């Protein structure tokens, strides 16, 4: 809470190596002002992708909500930073999270008429859907479920096939 203020300011400004320095010297990667804004928020809002990667690598909370219920992903979607969005999604940002305006990163993408962003977001949603869909197989055991889950997280782009397999097995193990 002193090195932290300089971290917020260096993230806002866009000064890379200054941040790598601040980090190496052990500054709190999850510091916030009176509006619950963390350095990841500032670096997402202001379009600095390198600094996002650094902060993320140092373990910044990727689903941090500020005073308006807004997440780094929301703030990245507000300006159309495709590059940032993608890595934010790799570190496990919740694409369906809502804020005080009832906005989803998707809804925002629809506001700005951004179709590329929209298809990134959209294709991300099907995968979480596959997860939740696998979870509601009533004729599986915890071993099968977990196996399918771990297989999913090892390779998200296989989601659909994985789901297929699950259903096949599900109706194969139908009771009595």
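Positions refer to the first chain, counted from 1.
Taking the PDB entry as given, 118-126 carries the higher mean Cα B factor of the two stretches 40-48 and 118-126. In this crystal structure, the stretch out of 160-168 and 7-15 whose C-alpha atoms carry the higher mean B factor is 160-168. Residue set 137, 67, 143, 56: peak C-alpha B-factor at 67 (per PDB entry). You'll see in the entry that, of 87, 95, 82, 75, the Cα B factor peaks at 95. Among all modelled residues in this chain, the alpha-carbon of residue 60 has a temperature factor (C-alpha) in the lowest third. Compared with the other modelled residues of the chain, the Cα B-factor recorded for residue 29 ranks in the lowest third.
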